[PDB]
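# Here come the first chain(s), positioned as in the complex:
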Amino acid sequence: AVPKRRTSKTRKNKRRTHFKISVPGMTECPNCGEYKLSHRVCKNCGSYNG
């Protein structure tokens, strides 16, 4: 089927309300100091210690 009527740019931005993407869910490494991704291995420096 075809759209019978173009979408007003208010309805477009209403539909795009939930199209946001979420944070990565990250923590501070207790060895690296830099940030890691929880339950993952520190890309920056070394081990996982779990």
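Noted; the coordinates are in hand. Numbering: from 1, shown residues only, chains lettered A, B, ... in the order given.
# do you know how far the closest residue to residue A:43 other than its chain neighbours is from residue A:21?
Closest residue to residue A:43 apart from its sequence neighbours, by Cβ to Cβ, 6 or more residues apart in numbering: residue A:36 at 7.4 Å. Placement of C-beta: from N, CA and C, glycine included. According to Cβ to Cβ, to the nearest Å, residue A:36 and residue A:21 sit 20 Å apart.
# just residue A:44 next, same as before
When Cβ to Cβ is applied, the distance between residue A:44 and residue A:21 equals 24 Å.
# More neighbours: the two, which one.
residue A:44 (11 against 5; other Cβ atoms under 10 Å).
# Spit out the contact partners of the more buried one.
A:29, A:32, A:34, A:36 (Cβ atoms under 8 Å, 6 or more residues apart in numbering).
# put chain B on too:
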Amino acid sequence: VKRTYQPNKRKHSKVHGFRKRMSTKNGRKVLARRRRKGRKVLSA
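Once chain B is put in with the chains from before, the structure reads:
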């Protein structure tokens, strides 16, 4: 499917070449009318 252009150098020059246009009164008209327009390629 077999399409309509099946290239062939011999046929192309035998049927549209220069010597085949220079053999007719109308081939000569063709070449003169392409020179009136100033084409780069006269024959093929």
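# which residues touch the residue nearest the centre of chain B?
Centroid-nearest residue in chain B, with Cα atoms, centre = their mean: residue B:16, separated by 3.0 Å. Neighbouring residues of residue B:16 by Cβ atoms under 8 Å, 6 or more residues apart in numbering or on different chains: B:43-44.
# Now do the helices in the chain.
You didn't pick a chain, so chain A it is. A:9-15 (DSSP state H).
# if you could check chain B rather than the one you did, that'd help
B:9-16, B:18-21, B:25-37.
# closest one to residue A:10 among the ones you listed?
helix B:25-37 (56.4 Å; Cβ to Cβ).
# Relative to residue A:34, how far out is residue A:42?
Taking Cβ to Cβ, one finds residue A:42 at 8 Å from residue A:34.
# Sequence for chain C below, add it please:
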Amino acid sequence: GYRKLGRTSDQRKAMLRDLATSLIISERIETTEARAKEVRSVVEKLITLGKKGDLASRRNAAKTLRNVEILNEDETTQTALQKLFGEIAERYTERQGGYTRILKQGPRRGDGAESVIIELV
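Okay, here's chain C dropped in alongside the others:
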């Protein structure tokens, strides 16, 4: 099976035999989280068979394991079965199961699919 791996039965079984052989050849590999969650349960049972030791336990190992030779024995050439029944078995002869461990790395580029480092414990 637990989880179809986006493959077909013969194709998936070949996949898992290859991964298991490579794991006990290299003792640690980087793979995808689901492939690892399956290679886990495959190589666990292979090393159980290795710990058993009997000949039928060897011929059963010899059907779910590939045929590679380990050139880098310092001029020695082990097959994967000889490796699995000497070294891996004699190593893990104390603990009662749980012979590997999976470590998440992060999202692979080009898929966003998580990468894991499955290795022998």
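# now that chain C has been added, could you go back to the contacts of residue B:16?
Taking Cβ under 8 Å, 6+ apart as the test, what residue B:16 contacts is B:43-44.
# now residue A:28
Here residue A:28 is in contact with A:34-36 (Cβ under 8 Å, 6+ apart).
# what do you get for residue C:60?
residue C:49.
# What sits closest to the residue in chain A that chain C sits nearest to if chain neighbours are left out?
Nearest residue of chain A to chain C: residue A:40, at 4.7 Å (Cβ to the nearest Cβ). Once flanking residues are discounted, residue A:40 sits nearest to residue C:104: 4.7 Å by Cβ to Cβ, 6 or more residues apart in numbering or on different chains.
# ok, that neighbour touching residue C:33?
Yes. Because the distance of 6.9 Å satisfies Cβ atoms under 8 Å, residue C:104 is recorded as touching residue C:33.
# Quick check: neighbours shared by these two?
Counting by Cβ under 8 Å, 6+ apart, the residues touching both residue C:104 and residue C:33 are C:114-116.
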